[PDB]
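A.B. asks: Quick one: experimental structure and sequence below.
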Amino acid sequence: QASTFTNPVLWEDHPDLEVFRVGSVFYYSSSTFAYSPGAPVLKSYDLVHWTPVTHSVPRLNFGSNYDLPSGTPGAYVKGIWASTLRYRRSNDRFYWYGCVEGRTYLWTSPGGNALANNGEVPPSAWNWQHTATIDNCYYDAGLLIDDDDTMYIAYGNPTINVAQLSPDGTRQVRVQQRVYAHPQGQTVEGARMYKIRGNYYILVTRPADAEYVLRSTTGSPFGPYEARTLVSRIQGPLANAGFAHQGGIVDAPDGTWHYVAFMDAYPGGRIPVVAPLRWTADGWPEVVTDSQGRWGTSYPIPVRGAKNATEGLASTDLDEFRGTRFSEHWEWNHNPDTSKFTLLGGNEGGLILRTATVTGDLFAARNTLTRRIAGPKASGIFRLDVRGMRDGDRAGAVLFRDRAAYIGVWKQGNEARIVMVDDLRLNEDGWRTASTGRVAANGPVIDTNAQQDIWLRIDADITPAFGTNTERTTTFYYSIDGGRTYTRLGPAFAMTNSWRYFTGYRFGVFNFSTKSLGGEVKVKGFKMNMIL
């Protein structure tokens with residue numbers, strides 16, 4: 001058995017993390033902006049091996065922009081920002097709170113008696129429902145369920161506030177403003193709140209390079225709070241990925257604490273790293289560094305020999321869209337038009353994407369289905385049947401972000417042709433479309449037999465390059481011999497290192513029309529291979 005682990009623990013974009021433990025299970029909640037479903041939950045038995053198990057927000061309920069009714073700016077880079085999740089033992093219910101455009105939304109799910117089953121939730125038990133809307137802006141919320149079952153939320157920017165909730169968690173009953181302000185006027189945010197051995201602690205970030213630990217000086221959850229540095233511009237564990245910051249702390253079954261932070265590993269996104277904590281005699285947590293004062297590239301494993309938790313498909317497992325619902329790896333760009341896709345299900349599987357939007361702009365198209373890229377290098381392959389495309393349809397495999405490119409098929413009259421398109425751009429100023437794309441290369445006309453089984457492959461390099469002037473490249477390929485041989489199409493595509501869109505690069509499949517609705521493609525399957 002492995003006795004150590006290496007950082008990062010998961011090389012996939014899961015930002016604004018919250019972590020906690022129920023029995024033997026660790027849970028991890030991340031932010032997802034306008035991707036739908038939102039607010040994924042991952043589980044691990046050891047803080048190292050994570051698997052996605054549910055989403056707290058099955059359809060984004062924050063207004064009609066989230067349905068992408070009429071093109072950009074839609075709700076791009078709005079939606080779910082840093083939010084919070086905890087498990088309530090007393091009623092066996094998970095509570096997810098997230099502030100979206102000035103209001104805070106509560107989504108809850110029963111836990112299938114998790115408290116009594118060592119923290120396990122049966123897959124069939126998850127059932128997330130919109131439970132309340134609180135008309136308070138809990139920006140960068142951190143929920144605490146206190147030992148007496150009173151619920152508190154720390155929040156704010158650039159100073160921290162603490163609100164007390166009603167017993168059912170649906171309204172605010174008390175608030176203390178400005179429980180912490182930095183004495184040199186520095187901005188703090190990213191609150192996570194804890195009750196630990198009789199005391200209240202709040203973890204906050206100084207964006208985007210430091211984490212401070214606050215502790216209540218009075219013993220009251222309303223503070224006031226004083227601060228110590230947890231990390232500040234710490235080196236490691238990865239180069240060209242900004243600094244470890246934000247995240248949260250959690251204890252293992254053996255009682256040892258750990259700090260789970262994330263790095264700005266653009267162009268891949270923001271990815272978790274883990275370090276042990278020790279506690280000073282006066283009750284402050286400190287990061288255990290390597291012998292050189294760095295966040296270690298490797299540490300002892302927090303929990304040893306724990307079977308991984310194969311609850312559904314792994315990130316790199318072939319997915320032929322079998323059974324009743326999407327695996328937890330998939331999220332749509334904005335809420336999907338549910339009338340325009342079909343998960344066929346059963347042993348054969350297959351996903352039908354009927355065109356949902358008439359547009360010349362990929363960023364305006366409904367029903368683009370996306371998933372995270374695993375780093376540092378990965379190949380995403382989609383296998384399609386495109387015989388059902390109609391005149392004016394465009395469909396394919398997209399490397400999806402604010403600067404995007406795809407390999408796809410364009411159906412014009414009775415001609416289906418493979419194309420590579422680049423220069424698909426959203427303006428960072430307001431997220432309106434800047435460019436609807438350039439056909440960088442034409443591939444072959446494909447006959448009906450090739451249309452029946454076309455494989456489109458994206459080789460993405462997400463090796464961190466944040467804060468450098470080196471842009472990583474992605475290359476595109478197609479196969480019309482059943483995935484045996486691939487042909488490179490088009491130039492290498494340079495990827496942006498910008499943080500402004502927040503979400504990392506993703507693999508996606510899209511299908512829209514420039515002329516009229518009616519056509520469809522079938523996605524037979526997707527596979528991600530790690531490029532070693």
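C.D. replies: The structure has been received and is ready for your questions. Numbers count the residues shown, from 1 in each chain.
A.B. asks: Could I get the contacting residues of the closest residue to residue 507 other than its chain neighbours?
C.D. replies: Computed as C-beta to C-beta, 6 or more residues apart in numbering, the closest residue to residue 507 that is not its neighbour in sequence is residue 380, at 3.5 Å. (C-beta placed from N, C-alpha, C; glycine too.) Listed by C-beta atoms under 8 Å, 6 or more residues apart in numbering, the contact set of residue 380 reads 371, 373, 397, 457-458, 460, 507, 526-528.
A.B. asks: Tell me which two of these sit farthest apart.
C.D. replies: Largest separation among the contacts of residue 380 by C-beta to C-beta: 371 and 457, giving 14.8 Å.
A.B. asks: What values do phi and psi take at residue 125?
C.D. replies: Main-chain torsions, residue 125, degrees, to the nearest 10: phi -90, psi -30.
A.B. asks: How many residues are close by residue 160?
C.D. replies: Using other C-beta atoms under 10 Å, residue 160 has 28 other residues around it.
A.B. asks: Is the residue lying closest to residue 189 once chain neighbours are set aside within a helix or a strand, and which one?
C.D. replies: The shortest distance from residue 189 to any non-neighbouring residue, by C-beta to C-beta, 6+ apart, is to residue 157 (3.8 Å). Residue 157 belongs to no helix or strand when assigned by DSSP states H and E.
A.B. asks: Which strand residues bridge the residue nearest to residue 507?
C.D. replies: residue 458, residue 528 (DSSP bridges).
A.B. asks: what's near enough to touch residue 4?
C.D. replies: Residues near residue 4 by C-beta under 8 Å, 6+ apart: 298-301.
A.B. asks: Let me know the secondary structure of the residue nearest the centre of the chain.
C.D. replies: The chain has residue 14 as the residue nearest its centroid, 3.9 Å off, counting by C-alpha atoms, centre = their mean. Here residue 14 is recorded as coil under DSSP: H, G, I helix; E, B strand; the rest coil.
A.B. asks: all strands of the stretch 1-150 of the chain, in order?
C.D. replies: For the stretch 1-150 of the chain, the strands defined by DSSP state E, counting those that start in this stretch cover 4-6, 18-22, 25-29, 35-36, 38-44, 51-57, 84-88, 93-100, 103-110, 129-134, 142-145.
A.B. asks: which residue sits closest to residue 418, ignoring its sequence neighbours?
C.D. replies: Nearest non-adjacent residue to residue 418, counting by C-beta to C-beta, 6+ apart: residue 443, 3.1 Å away.
A.B. asks: what's the helix or strand harbouring that neighbour packed up against?
C.D. replies: Assigned by DSSP H and E, residue 443 belongs to strand 433-445. Counting contacts by 3 or more C-beta pairs under 8 Å, 6 or more residues apart in numbering; DSSP states H and E, strand 433-445 is packed against strand 415-426.
A.B. asks: now the angle from the strand it packs on to strand 433-445?
C.D. replies: Counting by axes from the mean of the first three to the mean of the last three C-alpha atoms, to 10 degrees, strand 415-426 lies at 160 degrees to strand 433-445.
A.B. asks: Return the distance of strand 415-426 from the chain's centre.
C.D. replies: Computed by C-alpha atoms, centre = their mean, to the nearest Å, the chain-centroid distance of strand 415-426 equals 26 Å.
A.B. asks: for residue 96, which residues make a bridge with it?
C.D. replies: On the basis of DSSP bridges, residue 96 is bridged to residue 85, residue 107.
A.B. asks: Quick one: residues contacting it.
C.D. replies: Going by C-beta under 8 Å, 6+ apart, residue 96 touches 29, 39, 56-57, 83-85, 106-108, 128.
A.B. asks: which one of those sits closest to residue 262?
C.D. replies: residue 29 (12.6 Å).
A.B. asks: Find the nearest non-adjacent residue to that closest one, please.
C.D. replies: Leaving out its chain neighbours, the residue that sits closest to residue 29 by C-beta to C-beta, 6+ apart is residue 85, at 3.9 Å.
A.B. asks: Would you agree that neighbour is in contact with residue 31?
C.D. replies: No: the criterion here is C-beta atoms under 8 Å, and residue 85 misses it with residue 31 at 10.9 Å.
A.B. asks: how does the protein divide into domains?
C.D. replies: As assigned by curated CATH domains, the chain contains the domains 1-312, 313-527.
A.B. asks: Can you verify my assumption that residue 102 contacts residue 137?
C.D. replies: Yes: Residue 102 is within contact range of residue 137, at 5.2 Å (criterion: C-beta under 8 Å).
A.B. asks: So if I had to pick from those two, which one is more boxed in?
C.D. replies: residue 137 (14 against 9).
A.B. asks: where does that one sit relative to residue 104, distance-wise?
C.D. replies: Computed as C-beta to C-beta, to the nearest Å, the residue 137 to residue 104 distance reads 7 Å.
A.B. asks: Which residue ranges of the stretch 201-350 of the chain form strands?
C.D. replies: Taking DSSP E, counting those that start in this stretch as the criterion, the stretch 201-350 of the chain carries its strands at 210-216, 225-232, 245-251, 257-264, 270-279, 285-287, 298-300, 331-333, 341-343.
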